[PDB]
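The form deposited in one PDB entry is given below as one chain in structure tokens.
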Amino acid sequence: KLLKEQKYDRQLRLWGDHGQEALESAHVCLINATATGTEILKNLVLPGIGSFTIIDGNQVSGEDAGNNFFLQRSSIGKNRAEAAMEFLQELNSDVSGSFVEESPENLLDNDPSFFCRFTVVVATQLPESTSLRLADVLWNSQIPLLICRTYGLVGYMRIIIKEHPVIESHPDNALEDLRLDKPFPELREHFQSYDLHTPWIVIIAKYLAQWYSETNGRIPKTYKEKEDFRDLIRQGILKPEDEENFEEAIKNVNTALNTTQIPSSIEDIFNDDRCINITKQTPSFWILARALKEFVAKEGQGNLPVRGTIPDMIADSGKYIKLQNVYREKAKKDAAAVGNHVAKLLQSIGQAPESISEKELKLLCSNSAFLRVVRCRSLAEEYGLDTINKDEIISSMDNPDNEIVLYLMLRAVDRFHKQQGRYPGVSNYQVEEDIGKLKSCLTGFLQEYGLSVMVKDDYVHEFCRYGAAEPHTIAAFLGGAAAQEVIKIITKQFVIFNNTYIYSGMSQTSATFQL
């Protein structure tokens, strides 16, 4: 019971109890028990992931035991999946391991539906071929897939989720929703109810009414007006050759003034067909989206619900808790209005008014300006001759050393593997010979999709040098990065990257592309 609350503490302060809740209900599937997979599963098992299943068919080898922290010398020859599950299993007695002694290729042919049982599927070290299939099957049954790959010092991550709508995106920063420019009734009161330290909000409020008067209601706009609006404040410091909160107001002028308007990204949601056309099929995110859109046109008077929170301020106690409660109370109202629309909407559609809970509705409004929707292009689209995003690749390459070279190299290497039956440079005696064949494959690739791009010949050498090795530290990296991308997916709590993430251990740099 409470014993968990103690070990899972340092993370509960990141995704809360509701987050932990999901995490413990999820069930993850890892395709290859390599170091990459192994590590990724290590960062999910430790935080408390519900249960996991490893599907590996290969036998543990010498290299396997050597770079994997979850396979010992003693398991060489044995089923890599099974072997790694026993070690991983130890990291946390609350995680339910499982395994399948078959390969991904075998399952995709005999029980493609098997993956429907998983919340997310993580594949590692898969050959081009197998991916295109896995990505297909899963794309159809709508199972989030995450393809990870370690190659020499190159880490690769490709996320594939048709749609990932998020409410609690946890933004690291954002303008406060103060509403000085479009002040609501209650607020309008709590201001005129003064004169006879006072939150700088009020300070700016009053000296605003004054400027508003001697300008025919004209809110400071210019970087001049704002600048003069500032002196019009210093000039009221009573006798005090000290009055802190008054300077702690002039500073907010930079912000506080215009702090109201609908986020550009929220518009598009409102504009998305999924929001415009509701059907019993429509998931609750979009239902809530519409409810939110209705509020805007109606009791919202053009804007989203009031966030209902304010920044800390140098001020009197009972004076702060009073102002705090204004918003805290306005927000609670709006939430109710947006809750009305929801049930009317749920009715028009024909679902039970109590389909959407209040906890949600409470969270939705608190995060109305932070909603995010991510859509991934299917793997098939990226690989297609007519759907390839050439503009992204060509544009990126303007810099001969943009991480995307590694993407292309990875494509040449798969082309090489399809054609040669083996990866370039695995044995030292092949490195010299293979450089030529890899260069040719690189060109065979580029021509096929028709991409005029210059690839420093130095990258062809390096990839052969790599010998397709899976150096642990590179794998550990991915392990950490992807593990969190999985958790974001499971808790639907942060914002996942969009398409392809490429990390370069050589230069210790990384970038994100949409392919």
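All residue numbers refer to positions in the sequence shown, first residue = 1. In this text, the rigid core denotes the largest set of C-alpha atoms whose superposition between the two forms falls within 1.5 Å.
Beyond what is shown, the protein has a form deposited in another entry; the following relates to that form.
Of 227, 391, 268, 101, which is the single residue whose C-alpha shifts by 2 angstroms or more between the shown form and the other one after core superposition? After core superposition, the one over threshold is 227.
For residue 355, state whether the C-alpha moves by 2 Å or more between the shown form and the other one after rigid core superposition. Superposed on the core, residue 355 moves its C-alpha less than 2 Å between the shown form and the other one.
Large Cα shift (2 Å or above) at residue 218 between the shown form and the other one, core-fitted: Passes the 2 Å threshold, so yes.
Please say whether, between the shown form and the other one, the C-alpha of residue 335 moves by 2 Å or more once the core is aligned. Shift of 2 Å or more: no.
Given a CA distance change of at least 3 Å, are residue 221 and residue 184 closer or farther in that other deposited form? Farther apart, by at least 3 Å.
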